[PDB]
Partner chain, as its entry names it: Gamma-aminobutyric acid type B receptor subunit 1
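Read the single chain below, which is given as structure tokens and is the form solved without its partner chain.
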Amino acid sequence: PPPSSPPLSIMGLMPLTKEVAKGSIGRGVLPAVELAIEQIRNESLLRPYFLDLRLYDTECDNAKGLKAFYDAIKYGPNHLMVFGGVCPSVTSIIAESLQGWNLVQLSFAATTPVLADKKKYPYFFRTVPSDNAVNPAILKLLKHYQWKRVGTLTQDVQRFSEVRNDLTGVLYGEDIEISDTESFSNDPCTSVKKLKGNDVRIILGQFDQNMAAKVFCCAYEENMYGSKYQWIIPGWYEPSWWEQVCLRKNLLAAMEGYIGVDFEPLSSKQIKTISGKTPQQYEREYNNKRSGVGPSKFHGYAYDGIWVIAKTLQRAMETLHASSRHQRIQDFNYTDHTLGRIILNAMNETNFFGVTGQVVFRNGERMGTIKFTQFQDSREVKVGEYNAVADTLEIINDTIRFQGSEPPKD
């Protein structure tokens, strides 16, 4: 469509191959990416330039990821910034080498708590809230229900370890005490026995879905369920995770009432976003584009990530026209330190309303919203939301319920 216009090239890094489990995120977010790019092209928002997104398959592999990045630099056009990075290890290797290349990176799916280190990854940004974002939200929930004595059950895996350790920092001046800290790698039954021995009533769990069935099976035999107990665990599990299989009836008896915590895929506010669409109008539109592609909960973040990139380039263009004798953006060979500086500062100024809510960074980290769910009878039900920017907890009244006439005591 754009004949005389120079391209603003972006290096899209993600697993796209069907030969890799995580390639579904890449493929699932592609319709959202195309929707933001079609509108940017139709209305020519980068006039007289155009958005040139180039895609490179990381294949969710460390070696392959690094080769795709280097091949993109060597034989590809002049990329102004990096868009993507899904698998934690692949994103960490690439992000480590950005400053040397004058390349600002924006990820929509890499949730690892590790990438928060702006001493190691100074040129890395992300629209998606990190795994640690659940902690301030959890802290707000505990104070709301006067649960000042908790116990923690963590899986001995980096993903979960990093979240549990960040929790120690979050609870500093807070009137909350972790009367018990338990760990496990293969079997949680021993740690659950210990929590019951220590008389723990409110449990903060950090483990995968396979381990969750084991935890709830142990909880049943140890009587750690019902009216006197409250489990707070990851909300990102698969709809029928428990159906994938103690007996299944006992597993459900121990599951009943548990609270799920995860990031909110899309905002519930009916406000017009930066695109000029509401999060609900974008969702229906996204659903027509996918055409059975399968849904990714990171689609909203990817859509917003493209809008962050376009607004960053719009700001970068304004700055360059203000600085005489050097405004040839299309010419950026990775040498320009000043160009990277301008892009970096322009992304740090991001503050707009996206499909995933208010898009704001705090040292390259997203200030987003956290979703609270509860397992009632046969499915998880949305029981509230946490706003990171405002530090606001809003519990949907007449949804969250307890086994007794009132919430359990700590």
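Numbering follows the first chain given and starts at 1. Under this definition, the rigid core comprises the largest set of C-alpha atoms superposing within 1.5 Å between the forms.
Another form exists, solved in complex with its partner chain; not displayed. Remarks below refer to it.
For the residues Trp307, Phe207, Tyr237, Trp101, the 4.5 Å heavy atom test against its partner chain in the entry with it bound is passed only by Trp101. Checked against its partner chain in the entry with it bound, the candidates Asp71, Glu318, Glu174, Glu243 yield a single residue with a heavy atom inside 4.5 Å, and that residue is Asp71. Contact check for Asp180: a heavy atom falls within 4.5 Å of its partner chain in the entry with it bound. At the 4.5 Å threshold, heavy atoms of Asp131 stay clear of its partner chain in the entry with it bound, well away from it. In the entry with it bound, none of the heavy atoms of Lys148 sits within 4.5 Å of a heavy atom of its partner chain. Put simply, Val114 is close to its partner chain in the entry with it bound: some heavy atom of it is within 4.5 Å. Not one of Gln280, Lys311 and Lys371 comes within 4.5 Å of its partner chain in the entry with it bound, counting any heavy atom. Residues placing heavy atoms within 4.5 Å of its partner chain in the entry with it bound fall in a single listed stretch, namely 55-63, out of 29-37, 339-347, 371-379, 55-63. Residues from 156-177 that approach its partner chain in the entry with it bound with a non-hydrogen atom closer than or equal to 4.5 Å are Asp156, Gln158, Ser161, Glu162, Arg164, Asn165, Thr168, in the order they occur in the chain. Relative to the superposed rigid core, the position of the CA of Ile271 differs between this form and the one not shown by less than 2 Å. Remark: with the core as the superposition reference, the CA shift of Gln330 between this form and the one not shown reaches 2 Å or more.
Relative to the superposed core, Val360 undergoes a Cα shift smaller than 2 Å between this form and the one not shown. The gap between the Cα atoms of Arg54 and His326 is smaller in the entry with it bound, by no less than 3 Å, than in this form. Cα of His326 to Cα of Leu53: at least 3 Å shorter in the entry with it bound than in the shown structure.
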